[PDB]
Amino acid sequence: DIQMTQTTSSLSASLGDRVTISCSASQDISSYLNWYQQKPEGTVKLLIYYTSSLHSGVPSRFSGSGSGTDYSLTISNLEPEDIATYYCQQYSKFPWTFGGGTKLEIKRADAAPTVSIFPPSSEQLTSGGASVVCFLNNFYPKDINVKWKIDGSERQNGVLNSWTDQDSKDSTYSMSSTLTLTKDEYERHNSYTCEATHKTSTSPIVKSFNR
């Protein structure tokens, strides 16, 4: 029940860089904290045991630093593997507890989302339903925001979203968003607008259609 906190959760950097992640305790855990690495795949490995001891086979560029309430993991100089999610576990007292994890990412020039909106397939409509898909592709950074609007009127009922993980090769993101209405509620309007607000254009990128 010693709550563990890693404040910085999402962090972008670059190969070569030296990074440091924070792990603070709710109470002096006397250096009984360990560091775990979890690749994007999900396999989980042990980096450091006991505040700063290097688990065997772990690259000599990892360092544990810390004491009392505050502890820091320090990746010497980034390699492409290192870009992963990091965890700190405390073992001073059971129940054992982990930080919230800090996802280490890859810095890339900014990029606007390539918006595209799609009418409700013919087949979907034949069955009695209507989903309006809108892709927000390869944009940077992650922080993006969507907004549906029907005949100008903004709608939030039926909107399901899905964000991807930083793409491995081009370091960007993507986002699907689907407004699900009934076949008639769809056929009871004309305007469907997808609005993407991204830290690139002070103006929302919009795309729409009329049944």
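Position 1 is the first residue in the sequence shown; the rest follow in order.
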So 41-49 or 61-69, which one's hotter by mean CA B-factor in the entry? 61-69
Higher of the two mean Cα B-factors (20-28, 184-192; per PDB record) comes from 184-192
Using the temperature factors in the entry, find which of 174, 34, 171, 157 has the highest value at its Cα atom. 157
Per the PDB entry, which option out of 112, 84, 88, 125 has the greatest Cα B factor? 125
Third of the chain, ranked by Cα B-factor, where residue 9 sits: middle
Assert third(CA B-factor, residue 95) within chain per record equals lowest
Third of chain Cα B-factors occupied by residue 102: middle
Please rank the C-alpha B-factors of the chain's modelled residues and tell me whether residue 54 sits in the lowest, middle or highest third. lowest
Within this chain, which third does the Cα B-factor at residue 167 fall in: lowest, middle or highest? middle
